[PDB]
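In the form deposited in one PDB entry, a lone chain appears below as structure tokens.
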């Protein structure tokens, strides 16, 4: 789309510009937005006056103002103004948002695990993340890839029905090669969709690898 992209953190105010508009009223411009809150298309005016005045209100200078963002606010936003006269200008905005979960935690982590077979190593958990994002395992600071050599991950995403946010869980199990590193290091790393931010790592776990009793 002619739409330019905008991304904002959840809870913070956003302010959009109406291209080529009178800086002081009286002004003629009308915003159009289809989003989570809009049933289909909501048209907003310099006067405002609906229930939207505590949500989205056109400023005296023509820009569109949102006191604090929320997930439902994701969508497209457009404006049409008249530069007198009769010059006329457009705006096309795609708006996405995000939230950052707390530092991921580990749970159900093996005191010690044994070689030659699968083991339940533990589970990472991240809460309050948007958009969803992901959990990646690292052995000694290197990546752990599924389907390959006894490495497995039991995964889910749980959306808080109220906050519309995500609770994350990743359970790792591994079959160690007999005769491997006896004190290997695992970590877990949450990453979001864009470079909207960096990566969060869990405090590692340095379990003890015990060998199988001979037969």
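Numbering follows the first chain given and starts at 1. Definition used throughout: the rigid core is the maximal C-alpha set that superposes within 1.5 Å between two forms.
The form solved in complex with a small molecule is left out here; the points below concern that form.
This chain is drawn without the small molecule; in the deposited bound form, the residue among 99, 136, 80, 114 with a heavy atom within 4.5 Å of it is 80. Remark: residue 178 does not count among the residues lining the small molecule in the deposited bound form, judged by a heavy atom distance of 4.5 Å or less.
Mapping the unseen interface onto this chain, residue 91 counts among the residues with a heavy atom inside 4.5 Å of the small molecule in the deposited bound form.
Looking at 83-91, 106-114, 120-128, 140-148, the stretch with residues near the small molecule in the deposited bound form, meaning non-hydrogen atoms within 4.5 angstroms, turns out to be 83-91. Once both forms are fitted on their core, a CA shift of 2 Å or more is seen for residue 194 between the shown form and the other one.
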